[PDB]
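Dropping data23.cif in here (mmCIF, C-alpha atoms):
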```cif
data_upload
#
loop_
_atom_site.label_atom_id
_atom_site.label_comp_id
_atom_site.auth_asym_id
_atom_site.auth_seq_id
_atom_site.Cartn_x
_atom_site.Cartn_y
_atom_site.Cartn_z
CA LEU A 604 0.00 0.00 0.00
CA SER A 605 2.88 2.44 -0.37
CA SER A 606 5.17 1.88 -3.38
CA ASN A 607 4.70 3.81 -6.62
CA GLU A 608 7.12 1.42 -8.37
CA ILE A 609 6.53 -2.03 -9.87
CA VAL A 610 9.17 -4.42 -8.52
CA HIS A 611 8.14 -4.53 -4.86
CA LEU A 612 4.54 -4.42 -6.02
CA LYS A 613 5.06 -7.33 -8.42
CA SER A 614 7.19 -9.14 -5.87
CA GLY A 615 5.17 -8.88 -2.69
CA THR A 616 2.07 -9.43 -4.76
CA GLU A 617 3.32 -12.85 -5.78
CA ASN A 618 4.65 -13.34 -2.28
CA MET A 619 1.15 -12.70 -0.99
CA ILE A 620 0.02 -15.34 -3.43
CA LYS A 621 2.88 -17.44 -2.12
CA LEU A 622 1.19 -17.23 1.25
CA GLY A 623 -2.08 -18.04 -0.44
CA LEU A 624 -4.14 -14.97 0.31
CA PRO A 625 -4.78 -14.15 -3.34
CA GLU A 626 -8.16 -12.49 -3.20
CA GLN A 627 -7.20 -9.98 -0.54
CA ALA A 628 -3.93 -9.63 -2.45
CA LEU A 629 -5.61 -8.69 -5.74
CA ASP A 630 -8.00 -6.35 -3.94
CA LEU A 631 -5.12 -4.52 -2.30
CA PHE A 632 -3.35 -4.41 -5.65
CA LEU A 633 -6.35 -2.90 -7.40
CA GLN A 634 -6.59 -0.50 -4.50
CA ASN A 635 -2.99 0.51 -5.11
CA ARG A 636 -3.69 1.13 -8.74
CA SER A 637 -6.83 3.00 -7.71
CA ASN A 638 -4.87 5.29 -5.43
CA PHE A 639 -2.21 5.43 -8.13
CA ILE A 640 -4.53 6.67 -10.89
CA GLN A 641 -6.30 8.83 -8.30
CA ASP A 642 -3.10 10.67 -7.52
CA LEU A 643 -2.06 10.76 -11.13
CA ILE A 644 -5.15 12.86 -11.75
CA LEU A 645 -3.69 15.37 -9.30
CA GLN A 646 -1.43 16.83 -12.04
CA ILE A 647 -3.11 19.42 -14.18
CA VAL A 650 -9.13 21.48 -15.97
CA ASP A 651 -6.92 23.95 -17.65
CA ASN A 652 -9.24 23.87 -20.75
CA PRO A 653 -11.48 21.05 -21.61
CA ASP B 507 23.00 44.40 -47.57
CA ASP B 508 22.04 47.07 -50.01
CA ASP B 509 21.05 48.13 -53.56
CA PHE B 510 17.45 48.69 -52.55
CA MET B 511 15.71 47.57 -55.75
CA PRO B 512 12.61 45.52 -56.55
CA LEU B 513 12.56 41.74 -56.36
CA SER B 514 14.11 40.32 -59.52
CA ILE B 515 11.52 37.96 -61.01
CA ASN B 516 13.71 34.92 -61.73
CA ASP B 517 10.66 33.34 -63.46
CA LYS B 518 10.23 30.91 -61.74
CA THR B 519 12.20 28.69 -59.34
CA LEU B 520 12.18 30.11 -55.79
CA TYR B 521 8.87 31.91 -56.38
CA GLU B 522 7.21 29.25 -54.24
CA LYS B 523 10.04 29.78 -51.75
CA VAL B 524 9.23 33.47 -52.10
CA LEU B 525 5.65 32.54 -51.24
CA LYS B 526 6.88 30.86 -48.08
CA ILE B 527 8.85 34.06 -47.56
CA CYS B 528 5.61 35.93 -48.26
CA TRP B 529 4.06 34.47 -45.09
CA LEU B 556 8.11 42.53 -55.29
CA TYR B 557 10.84 44.17 -53.20
CA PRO B 558 14.40 42.79 -53.00
CA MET B 559 15.55 41.48 -49.65
CA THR B 560 13.90 42.73 -46.47
CA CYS B 561 10.77 40.61 -46.37
CA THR B 562 12.68 38.10 -48.50
CA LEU B 563 15.36 37.42 -45.90
CA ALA B 564 13.66 38.63 -42.72
CA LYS B 565 10.97 35.97 -43.13
CA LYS B 566 13.73 33.41 -42.73
CA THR B 567 15.12 35.49 -39.87
CA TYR B 568 11.93 35.57 -37.81
CA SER B 569 10.75 32.10 -38.82
CA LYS B 570 14.21 31.01 -37.75
CA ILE B 571 13.70 33.02 -34.56
CA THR B 572 10.35 31.67 -33.35
CA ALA B 573 11.41 28.32 -34.76
CA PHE B 574 14.43 28.63 -32.49
CA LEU B 575 12.22 30.05 -29.76
CA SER B 576 10.48 26.67 -29.47
CA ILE B 577 13.05 25.73 -26.82
CA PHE B 578 10.19 24.22 -24.81
CA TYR B 579 8.62 20.72 -25.08
CA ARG B 580 10.81 20.00 -22.07
CA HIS B 581 10.07 22.96 -19.75
CA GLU B 582 6.41 21.97 -19.52
CA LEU B 583 4.68 20.71 -16.40
CA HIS B 584 4.65 23.95 -14.41
CA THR B 585 3.73 27.64 -14.65
CA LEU B 586 5.99 28.06 -17.66
CA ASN B 587 2.61 27.99 -19.43
CA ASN B 588 1.93 31.11 -17.34
CA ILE B 589 3.88 34.41 -17.52
CA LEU B 590 6.79 32.89 -19.44
CA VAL B 591 4.24 33.03 -22.25
CA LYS B 592 4.21 36.78 -21.63
CA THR B 593 8.00 36.64 -21.72
CA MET B 594 7.56 35.17 -25.18
CA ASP B 595 5.20 38.06 -25.85
CA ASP B 596 7.85 40.63 -24.97
CA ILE B 597 10.27 38.73 -27.21
CA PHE B 598 8.28 39.57 -30.31
CA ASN B 599 9.52 39.64 -33.89
CA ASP B 600 12.29 41.19 -32.05
CA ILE B 601 10.03 43.63 -30.55
CA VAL B 602 9.68 45.36 -33.71
CA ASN B 603 11.70 48.51 -32.85
CA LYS B 604 14.80 46.40 -33.62
CA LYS B 605 13.48 46.34 -37.15
CA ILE B 606 11.79 49.70 -36.61
CA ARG B 607 14.81 51.67 -35.54
CA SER B 608 17.26 51.09 -38.39
CA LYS B 609 14.50 51.04 -40.98
CA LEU B 610 13.20 54.03 -39.04
CA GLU B 611 16.65 55.59 -39.22
CA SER B 612 17.49 54.84 -42.86
CA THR B 613 16.61 58.00 -44.77
CA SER B 614 17.36 56.79 -48.30
CA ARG B 615 15.53 57.33 -51.59
CA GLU B 616 16.46 53.83 -52.83
CA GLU B 617 13.20 51.84 -52.54
CA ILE B 618 11.84 54.58 -50.28
CA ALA B 619 8.44 53.14 -49.21
CA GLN B 620 9.09 50.28 -51.65
CA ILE B 621 11.30 48.63 -49.09
CA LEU B 622 8.50 49.75 -46.79
CA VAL B 623 6.09 48.18 -49.24
CA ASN B 624 7.75 45.12 -47.76
CA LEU B 625 7.13 46.77 -44.40
CA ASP B 626 3.59 47.59 -45.25
CA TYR B 627 3.83 44.06 -46.63
CA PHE B 628 6.02 43.10 -43.73
CA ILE B 629 3.33 44.84 -41.76
CA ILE B 630 1.23 42.23 -43.50
CA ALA B 631 3.86 39.92 -42.08
CA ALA B 632 3.18 41.61 -38.76
CA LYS B 633 -0.39 40.52 -39.38
CA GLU B 634 1.15 37.15 -40.21
CA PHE B 635 2.88 37.29 -36.83
CA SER B 636 -0.38 37.99 -35.04
CA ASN B 637 -1.62 35.23 -37.35
CA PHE B 638 1.34 33.16 -36.13
CA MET B 639 -0.94 32.76 -33.18
CA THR B 640 -1.66 29.12 -32.44
CA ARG B 641 0.69 29.91 -29.65
CA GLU B 642 1.02 28.21 -26.27
CA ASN B 643 -0.75 27.35 -22.99
CA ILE B 644 -0.94 24.51 -24.99
CA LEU B 645 -3.68 26.06 -27.08
CA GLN B 646 -5.80 27.94 -24.59
CA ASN B 647 -7.67 30.08 -24.46
CA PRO B 648 -7.92 30.36 -28.21
CA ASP B 649 -9.68 33.72 -27.91
CA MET B 650 -6.95 36.32 -28.69
CA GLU B 651 -3.23 36.40 -29.47
CA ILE B 652 -2.77 39.93 -30.82
CA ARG B 653 0.61 41.62 -31.06
CA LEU B 654 0.05 44.88 -32.91
CA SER B 655 1.59 47.39 -30.49
CA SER B 656 4.95 47.57 -32.24
CA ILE B 657 3.04 46.93 -35.47
CA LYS B 658 1.11 50.12 -34.67
CA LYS C 824 -16.59 14.02 32.03
CA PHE C 825 -18.94 16.68 30.64
CA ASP C 826 -16.37 19.40 31.17
CA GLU C 827 -13.89 17.01 29.52
CA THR C 828 -15.92 16.05 26.45
CA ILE C 829 -17.22 19.62 26.38
CA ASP C 830 -13.63 20.83 26.03
CA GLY C 831 -12.93 18.25 23.34
CA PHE C 832 -15.98 19.56 21.51
CA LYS C 833 -14.53 23.06 21.88
CA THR C 834 -11.32 21.86 20.30
CA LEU C 835 -13.38 20.34 17.48
CA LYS C 836 -15.15 23.61 16.69
CA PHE C 837 -11.87 25.49 17.07
CA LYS C 838 -10.04 23.13 14.72
CA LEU C 839 -12.67 22.79 11.98
CA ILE C 840 -13.20 26.54 12.39
CA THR C 841 -9.49 27.02 11.71
CA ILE C 842 -9.63 24.81 8.63
CA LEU C 843 -12.60 26.74 7.23
CA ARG C 844 -10.82 30.02 7.88
CA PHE C 845 -7.76 28.56 6.15
CA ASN C 846 -9.58 27.66 2.94
CA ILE C 847 -11.62 30.87 2.98
CA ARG C 848 -8.56 33.05 3.53
CA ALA C 849 -6.79 31.08 0.83
CA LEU C 850 -9.58 32.26 -1.45
CA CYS C 851 -9.52 35.90 -0.31
CA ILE C 852 -5.76 35.74 -0.62
CA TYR C 853 -6.22 34.36 -4.11
CA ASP C 854 -8.56 37.15 -5.23
CA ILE C 855 -5.62 39.56 -4.86
CA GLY C 856 -4.42 38.22 -8.19
CA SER C 857 -6.69 41.03 -9.32
CA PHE C 858 -4.49 43.27 -7.08
CA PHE C 859 -2.87 43.92 -9.36
CA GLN C 860 -4.19 42.23 -12.46
CA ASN C 861 -1.94 44.67 -14.40
CA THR C 862 -4.50 47.36 -15.31
CA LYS C 863 -7.81 45.63 -15.97
CA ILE C 864 -8.45 47.50 -19.13
CA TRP C 865 -10.33 50.67 -20.08
CA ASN C 866 -13.31 50.06 -22.45
CA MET C 867 -11.36 47.18 -24.14
CA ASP C 868 -7.95 45.74 -24.68
CA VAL C 869 -9.21 43.65 -27.54
CA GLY C 870 -8.17 41.01 -27.59
CA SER C 871 -8.73 40.14 -24.45
CA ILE C 872 -8.54 36.36 -24.23
CA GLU C 873 -7.59 34.87 -20.92
CA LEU C 874 -7.23 34.08 -18.00
CA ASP C 875 -5.55 35.74 -14.97
CA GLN C 876 -3.10 32.95 -13.99
CA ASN C 877 -3.43 33.56 -10.23
CA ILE C 878 -7.07 32.52 -10.50
CA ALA C 879 -5.96 29.32 -12.21
CA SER C 880 -3.64 28.82 -9.25
CA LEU C 881 -6.66 29.35 -6.99
CA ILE C 882 -8.56 26.68 -8.89
CA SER C 883 -5.50 24.45 -8.71
CA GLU C 884 -4.65 24.49 -5.02
CA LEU C 885 -8.35 24.66 -4.27
CA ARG C 886 -8.77 21.43 -6.23
CA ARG C 887 -5.83 19.63 -4.64
CA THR C 888 -6.77 21.06 -1.25
CA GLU C 889 -10.16 19.43 -1.56
CA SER C 890 -8.45 16.29 -2.81
CA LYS C 891 -6.31 15.81 0.28
CA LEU C 892 -9.04 17.13 2.57
CA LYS C 893 -11.29 14.45 1.14
CA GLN C 894 -8.47 11.98 1.68
CA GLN C 895 -7.75 12.43 5.38
CA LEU C 896 -10.85 13.68 7.21
CA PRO C 897 -14.50 12.55 7.13
CA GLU C 898 -16.98 13.72 4.54
CA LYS C 899 -19.65 15.76 6.32
CA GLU C 900 -17.34 18.33 7.91
CA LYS C 901 -15.55 18.80 4.58
CA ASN C 902 -18.81 19.42 2.76
CA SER C 903 -19.73 21.81 5.58
CA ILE C 904 -16.61 24.00 5.80
CA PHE C 905 -15.94 23.92 2.07
CA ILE C 906 -19.59 24.53 1.15
CA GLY C 907 -20.38 27.53 3.34
CA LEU C 908 -17.00 29.26 3.34
CA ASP C 909 -16.40 28.64 -0.38
CA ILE C 910 -19.69 29.94 -1.76
CA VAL C 911 -19.97 32.89 0.63
CA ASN C 912 -16.40 34.05 0.15
CA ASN C 913 -16.88 33.62 -3.58
CA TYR C 914 -19.82 36.03 -3.49
CA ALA C 915 -18.32 38.71 -1.25
CA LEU C 916 -15.04 38.15 -3.07
CA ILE C 917 -16.80 39.37 -6.20
CA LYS C 918 -18.42 42.15 -4.14
CA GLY C 919 -15.25 43.77 -2.87
CA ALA C 920 -13.60 42.67 -6.12
#
```
Turn the structure described in the file into structure tokens.
Amino acid sequence: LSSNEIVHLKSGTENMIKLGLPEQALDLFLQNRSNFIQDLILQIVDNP
Amino acid sequence: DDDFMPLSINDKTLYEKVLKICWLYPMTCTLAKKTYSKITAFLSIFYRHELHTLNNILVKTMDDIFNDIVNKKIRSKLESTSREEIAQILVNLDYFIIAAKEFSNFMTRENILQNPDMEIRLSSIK
Amino acid sequence: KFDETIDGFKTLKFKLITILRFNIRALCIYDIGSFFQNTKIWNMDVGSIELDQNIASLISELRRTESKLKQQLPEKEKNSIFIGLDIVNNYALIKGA
């Protein structure tokens, strides 16, 4: 829930699968890309 | 550069290149079109100073850096009291005043293109 | 415990009060982009396009300010402080403007 990169995200994602908590894992991942895109919108209407 | 004469009609090789220069008389609009097109062409030093308020008042800095704000043309041409192409050289400054209208027509400007509602420049053209 | 939770309520109204004053004074600050707007013209300056860059800054940090304020705190207070202080200071901002 903190890294803007890919490698830890990729890695600990498949480590979370390696625990076998994949559904929670995917949901957190999608939440990270949600927050990601969310904050990517924070760079700027100037004109439509 | 001198011998203020009309434009020699070579008939016809660079007449299309003269038409790009038109965006007659010998040299002033003929070379100065390449000068200012070279200038604002060179003044596109952005596409890497973007994601900030460069789109703000630095645009007005580009406004102050006009077709070098035309007194640079309009001192020496203002100074030159010479009967050779007198007002015929300035027919390429009434016609380069039509290039001043081309400069305020060179107006798809910046901020990337917003607000496309005015881009006028005609102070030094006045 | 009523003096206690009373005082905590007083800190709540003080704090949310301070946030609403912060956003509102950010606006009234931001209206001074008109001061000066470099001689808002006489009868025309045509053209006359756009767009008084300080006001775009006001829209910008207003927008991000509501972004992070929607991130951290809860919704109802944000709608409250932002709603009342924003619309009212917009109106009187035009008035003294």
Could you list, as number ranges by chain, every residue within 6 Å of stretch 846-861 of chain C, counting only C-alpha atoms and ignoring same-chain residues fewer than 2 positions away? C: 843-844, 877, 881, 908
Evaluated on this file, the PyMOL selection byres ((chain C) within 12 of (chain B)) picks out some residues - which ones are they, written as a PyMOL selection string? chain C and resi 868-880+883
Write down, as a PDB file with C-alpha atoms, in the coordinates of the input, each residue of chain C that has any atom within 10 Å of an atom of chain A, counting only C-alpha atoms.
```pdb
ATOM      1  CA  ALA C 879      -5.960  29.320 -12.210  1.00  0.00           C
ATOM      2  CA  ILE C 882      -8.560  26.680  -8.890  1.00  0.00           C
ATOM      3  CA  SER C 883      -5.500  24.450  -8.710  1.00  0.00           C
ATOM      4  CA  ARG C 886      -8.770  21.430  -6.230  1.00  0.00           C
ATOM      5  CA  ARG C 887      -5.830  19.630  -4.640  1.00  0.00           C
ATOM      6  CA  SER C 890      -8.450  16.290  -2.810  1.00  0.00           C
ATOM      7  CA  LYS C 891      -6.310  15.810   0.280  1.00  0.00           C
TER       8      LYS C 891
END
```
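Separating atom CA of residue B:657 from atom CA of residue B:632 is a distance of 6.3 Å.
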Taking the file as shown, find all residues satisfying the PyMOL selection byres ((chain B and resi 593-595) around 12) and write them as an mmCIF file with C-alpha atoms, keeping the file's coordinate frame.
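expr25.cif, freshly written:
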```
data_model
loop_
_atom_site.group_PDB
_atom_site.id
_atom_site.type_symbol
_atom_site.label_atom_id
_atom_site.label_comp_id
_atom_site.auth_asym_id
_atom_site.auth_seq_id
_atom_site.Cartn_x
_atom_site.Cartn_y
_atom_site.Cartn_z
ATOM 1 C CA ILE B 571 13.700 33.020 -34.560
ATOM 2 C CA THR B 572 10.350 31.670 -33.350
ATOM 3 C CA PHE B 574 14.430 28.630 -32.490
ATOM 4 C CA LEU B 575 12.220 30.050 -29.760
ATOM 5 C CA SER B 576 10.480 26.670 -29.470
ATOM 6 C CA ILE B 577 13.050 25.730 -26.820
ATOM 7 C CA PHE B 578 10.190 24.220 -24.810
ATOM 8 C CA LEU B 586 5.990 28.060 -17.660
ATOM 9 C CA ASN B 587 2.610 27.990 -19.430
ATOM 10 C CA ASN B 588 1.930 31.110 -17.340
ATOM 11 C CA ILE B 589 3.880 34.410 -17.520
ATOM 12 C CA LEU B 590 6.790 32.890 -19.440
ATOM 13 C CA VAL B 591 4.240 33.030 -22.250
ATOM 14 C CA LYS B 592 4.210 36.780 -21.630
ATOM 15 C CA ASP B 596 7.850 40.630 -24.970
ATOM 16 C CA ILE B 597 10.270 38.730 -27.210
ATOM 17 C CA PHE B 598 8.280 39.570 -30.310
ATOM 18 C CA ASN B 599 9.520 39.640 -33.890
ATOM 19 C CA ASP B 600 12.290 41.190 -32.050
ATOM 20 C CA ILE B 601 10.030 43.630 -30.550
ATOM 21 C CA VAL B 602 9.680 45.360 -33.710
ATOM 22 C CA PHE B 635 2.880 37.290 -36.830
ATOM 23 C CA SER B 636 -0.380 37.990 -35.040
ATOM 24 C CA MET B 639 -0.940 32.760 -33.180
ATOM 25 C CA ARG B 641 0.690 29.910 -29.650
ATOM 26 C CA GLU B 642 1.020 28.210 -26.270
ATOM 27 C CA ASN B 643 -0.750 27.350 -22.990
ATOM 28 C CA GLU B 651 -3.230 36.400 -29.470
ATOM 29 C CA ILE B 652 -2.770 39.930 -30.820
ATOM 30 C CA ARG B 653 0.610 41.620 -31.060
ATOM 31 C CA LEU B 654 0.050 44.880 -32.910
ATOM 32 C CA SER B 655 1.590 47.390 -30.490
ATOM 33 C CA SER B 656 4.950 47.570 -32.240
#
```
Figure out the distance between atom CA of residue B:526 and atom CA of residue B:612, please, to one decimal in Å. 26.7 Å
Output the residue selection produced by the PyMOL selection byres ((chain A and resi 605) around 10) on the file above, formatted as a PDB file with C-alpha atoms, in the frame of the given file.
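The result, stored in expr-v3.pdb:
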```
ATOM      1  CA  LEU A 604       0.000   0.000   0.000  1.00  0.00           C
ATOM      2  CA  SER A 606       5.170   1.880  -3.380  1.00  0.00           C
ATOM      3  CA  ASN A 607       4.700   3.810  -6.620  1.00  0.00           C
ATOM      4  CA  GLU A 608       7.120   1.420  -8.370  1.00  0.00           C
ATOM      5  CA  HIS A 611       8.140  -4.530  -4.860  1.00  0.00           C
ATOM      6  CA  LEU A 612       4.540  -4.420  -6.020  1.00  0.00           C
ATOM      7  CA  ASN A 635      -2.990   0.510  -5.110  1.00  0.00           C
ATOM      8  CA  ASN A 638      -4.870   5.290  -5.430  1.00  0.00           C
ATOM      9  CA  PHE A 639      -2.210   5.430  -8.130  1.00  0.00           C
TER      10      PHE A 639
END
```
Provide the atom CA of residue C:918 to atom CA of residue C:863 distance in Å, to one decimal place.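 Atom-to-atom, atom CA of residue C:918 to atom CA of residue C:863, that is 16.3 Å.
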